[PDB]
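Here the structure is laid out as structure tokens; the discussion comes afterwards.
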Amino acid sequence: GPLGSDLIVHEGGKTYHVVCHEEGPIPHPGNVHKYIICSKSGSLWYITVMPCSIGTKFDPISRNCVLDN
């Protein structure tokens, strides 16, 4: 199953979808406290949802975690 359009995850019990439009790390739609790394493997997409440090949030364009304040 080479389905890489969108993977489903659970944020606080609730289901959310993760979709990658570009190759690179982007925040999590539901909760920006987490982000997903979108990587290309030839013509296949691999995604991984990692949480950032508490107190900070991930930015899509900057591609890093900024202080949520």
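Chains: A, B, ... in order of the structure tokens. Residues: from 1 per chain. Ligands: from 1, in order shown.
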Contacts of stretch 2-13 of chain A at 9 Å or less, counting only C-alpha atoms, minus same-chain residues fewer than 6 places along, as a ChimeraX atom specification? /A:19-21,30-31,44-47,49
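Near stretch 50-63 of chain A, within a cut-off of 8 Å and counting only C-alpha atoms, sit the residues residues 24, 25, 26, 27, 32, 33, 34, 35, 36, 37, 48, 65, 66, 67 and 68 of chain A, with same-chain residues fewer than 2 positions away left out.
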